[PDB]
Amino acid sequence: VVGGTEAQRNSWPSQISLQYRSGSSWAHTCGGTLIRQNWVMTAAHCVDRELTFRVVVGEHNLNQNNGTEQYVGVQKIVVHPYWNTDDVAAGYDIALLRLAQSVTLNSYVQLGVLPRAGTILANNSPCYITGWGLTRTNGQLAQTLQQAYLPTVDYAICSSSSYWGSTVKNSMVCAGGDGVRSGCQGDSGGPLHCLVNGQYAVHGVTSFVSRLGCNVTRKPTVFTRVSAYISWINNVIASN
């Protein structure tokens, strides 16, 4: 997250870190959301490589012991049948991960609330991006969870030539575009938490930013619109 502020410990308990076995260490690669005690929702872009994956819940500092962490293997990976690595503009950037164990819920570990199917936010809706990704374009990862306030930009504006134009689809959400805050590398897969009816729900899965850089004016951060995939999610879980 560029232009973030450090997240309080217990504010975003459905945020996870998706890590891969890097040599003999484990590296943060992505974010995700816990949606079931044994299911994680992240971006399909995060699993394009055939890596050994793990999920960390109750994580606040990647490099220190918080005293709250649960570390769980991934048992199964389900990418969206229409995902294609070479065409991220097409959308379908979503994956579900079945965990090798069910985690224990607590104040640091909760399920992500999903929107109702087909829900679309009003322009300039109040949302937060969270993640441990680059705090600058070509920077380094954050050690602590970061948050940024990132209003939505409706499809009408977002698909205008000045913004993203045709690269964005109605199956996406755009948020931000101020040139100061954004998501950035290592945030994708993660949540966009939007306040609706006085409850935070997860409306986006962080997908991409400009090639030009992370925090680019009139280049919002782009998300998979979760409320487009609700049947899909429920079908996979039912059947796995």
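The first residue of the sequence shown is number 1, and the count goes up from there.
Look at the mean CA B-factor for 90-98 and for 152-160 in the entry; the higher one is 152-160. Note on 73-81 vs 124-132: mean CA B-factor is higher in 73-81. Taking the deposited Cα B-factors for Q185, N63, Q37, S171, the highest one is held by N63. Set against one another, the Cα B-factors of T221, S14, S227, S25 in the record reach their highest point at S25. When all modelled residues of the chain are sorted by CA temperature factor, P115 is found within the middle third. Sort the modelled residues of the chain by CA B factor and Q146 lands in the lowest third. Ranked within its chain, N215 lands in the lowest third, by CA B factor from the PDB record. In this PDB entry, the Cα temperature factor of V109 sits in the top third of its chain's modelled residues, the highest group. Among the modelled residues of its chain, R49 has a C-alpha B-factor that falls in the highest third according to the deposited record.
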